[PDB]
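Just below is one structure, and these are the notes that go with it.
A, B, ... follow the sequence lines: proteins, then strands. Residue 1 opens every chain. Whatever order the structure lists ligands and atoms in, that order sets their numbers, starting from 1. The analysis underlying the following values was restricted to heavy atoms, covering all of them including side chains, and did not include hydrogens, waters or symmetry mates.
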Number of protein chains: 2
Amino acid sequence: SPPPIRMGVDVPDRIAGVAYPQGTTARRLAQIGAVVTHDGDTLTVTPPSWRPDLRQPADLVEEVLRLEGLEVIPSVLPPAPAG
Amino acid sequence: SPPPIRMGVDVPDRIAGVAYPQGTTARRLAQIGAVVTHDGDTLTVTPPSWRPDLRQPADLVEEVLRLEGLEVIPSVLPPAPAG
Ligand SMILES: [Mg+2]
Ligand SMILES: [Mg+2]
């Protein structure tokens, strides 16, 4: 198995900008074959042996977001920086 | 005396963007001749008879800000949206 990855439970929610229903991250990561454990608000995710591409929290975020569907991500223009 | 005015104790701070020391608003408003009573966090301000220009909380805000000095107000860029 690849080494375990520590990641906050709401990290996919923050990066997506969507408040997913609770347990979405844990369910999706378990769906793709990873072992997920809880420690307060921090998950420890061990990817399956056939997923060496999952090495960082960003890799896990893509798994949750693509399975939930990028279409649910709202179009929110960022504020204009003083250019 | 003009009618009394109700105003939050920190309203001058919010409009100025400056955290004034405690009691600044009450001290400045009593300085210019108004009667100030405290009801928790809400100030009741009765301006003196020679100040018929003090009718709204914004008027009291100007009194506090101008006496503390507009030079203490910092320079912060507003959150303009994408145009
Ligand atoms: Mg990936
Ligand atoms: Mg005025």
Side-chain angles (χ1 to χ4, degrees), chain A residues 1-21 23-38 42-75, chain B residues 1-21 23-37 42-74:
Chain A
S1 290
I5 299 159
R6 281 174 59 85
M7 153 160 102
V9 57
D10 67 338
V11 164
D13 305 60
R14 294 202 203 236
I15 286 165
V18 202
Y20 294 111
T24 289
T25 296
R27 186 178 87 81
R28 293 311 195 171
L29 291 180
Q31 246 182 332
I32 57 108
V35 182
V36 185
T37 70
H38 287 57
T42 286
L43 308 170
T44 298
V45 189
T46 308
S49 50
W50 68 83
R51 292 302 304 265
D53 66 291
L54 303 183
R55 302 156 222 221
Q56 280 175 85
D59 301 306
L60 311 175
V61 165
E62 182 182 86
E63 294 302 284
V64 175
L65 266 55
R66 83 192 170 86
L67 285 175
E68 289 297 283
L70 304 190
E71 49 276 39
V72 317
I73 305 174
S75 167
Chain B
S1 265
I5 305 169
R6 277 153 191 191
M7 197 194 56
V9 68
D10 69 353
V11 167
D13 305 65
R14 291 161 191 200
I15 294 198
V18 157
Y20 293 112
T24 287
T25 295
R27 191 182 84 88
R28 289 307 188 174
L29 291 188
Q31 254 194 330
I32 55 104
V35 177
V36 184
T37 76
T42 288
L43 290 180
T44 296
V45 188
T46 299
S49 55
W50 68 84
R51 295 300 303 282
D53 59 293
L54 303 177
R55 320 199 278 280
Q56 285 192 60
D59 303 295
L60 311 181
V61 164
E62 174 176 87
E63 289 306 285
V64 179
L65 263 59
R66 81 185 175 89
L67 289 176
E68 292 293 284
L70 304 187
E71 48 272 6
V72 312
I73 301 174

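Atom CD of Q56(B) has 12 or fewer neighbouring heavy atoms from other residues, nucleotides or ligands inside a 6.0 Å radius.
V61(B) places a side-chain heavy atom less than 4.5 Å from the side chain of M7(B). A heavy-atom distance below 4.5 Å is not found between the side chains of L60(B) and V11(B). By the 4.5 Å heavy-atom criterion applied to side chains, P74(A) and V18(A) are counted as neighbours. No side-chain heavy atom of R6(B) sits less than 4.5 Å from a side-chain heavy atom of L43(B).
Taking 4.0 Å as the cut-off between side-chain N and carboxylate O, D59(B) and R55(B) do not count as a salt-bridged pair.
Protein N/O/S atoms closer than 2.8 Å to the Mg ion (ligand 1), listed by chain and residue number, are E62(A) OE1.
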